[PDB]
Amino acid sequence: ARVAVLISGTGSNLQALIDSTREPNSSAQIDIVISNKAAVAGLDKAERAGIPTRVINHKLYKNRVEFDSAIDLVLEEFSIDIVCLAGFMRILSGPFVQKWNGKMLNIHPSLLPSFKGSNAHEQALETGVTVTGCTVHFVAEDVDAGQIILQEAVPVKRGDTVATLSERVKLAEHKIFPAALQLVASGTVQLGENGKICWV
């Protein structure tokens, strides 16, 4: 399968995906990396790996549908089968999500359905959980609410900051995201017609 990775920052998840798709017997290859923000480290990681990049600046579009179409054009240009959202920070419009239904994955740093949203760690610390984790899910219209592919629990330590908890959880993300991509790229895991996850 030909894979696009969308990013908005550092690209540590991207990196782990790059490394795993290049292990032998991989069912996936990353063919394009797209950022909605300029000068992010994720772009350097892509180019150092010999993978083409684009910056599609979301602030230059009148609305989300048009920004999403600019992304979609690049995905067509590159004959993309599967899209990975790896620290991508833009909510995607209805028709884009529908088009990519069953073919677009996201990494989220909590055990869904707890702590939906971009500040999951801040919420986890406020709430006082001793166990959090991360989740790979198919992307649905509803934010952080698509069908769950894989999850991994991660302990919260007494005295954790957003930074320390975030680093511990990234360690788990870098395991399950590549594993989930392989599962989908190989057709082992599919979004079924009944809207539910299917393992073959």
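Between two forms, the rigid core is defined as the largest C-alpha subset superposing within 1.5 Å. Heads up: residue numbers just count along the shown sequence, starting at 1.
The stretch that moves more in 9 other deposited structures of this protein, judged by CA deviation after a rigid core superposition and choosing between 170 to 178 and 38 to 46, is 38 to 46. When the other structures are laid on the shown form by the rigid core, the stretch among 184 to 192 and 7 to 15 with the greater C-alpha deviation in 9 other deposited structures of this protein turns out to be 7 to 15. As listed in the deposited structure, the average C-alpha B-factor of 112 to 120 and of 97 to 105 is greater for 97 to 105.
The deposited model assigns a higher average Cα B-factor to 38 to 46 than to the other stretch when 38 to 46 and 129 to 137 are compared. Reading the B-factor column for the CA atoms of 153, 156, 70, 150 in the entry, the top value corresponds to 70. Among all modelled residues in its chain, residue 169 ranks in the lowest third by Cα B-factor. In this PDB entry, residue 6 carries a Cα temperature factor that places it within the lowest third of its chain's modelled residues. Per the PDB record, residue ranking by Cα B-factor puts residue 191 in the highest third of the chain.
When the modelled residues of the chain are ordered by their C-alpha B factor, residue 86 lands in the lowest third.
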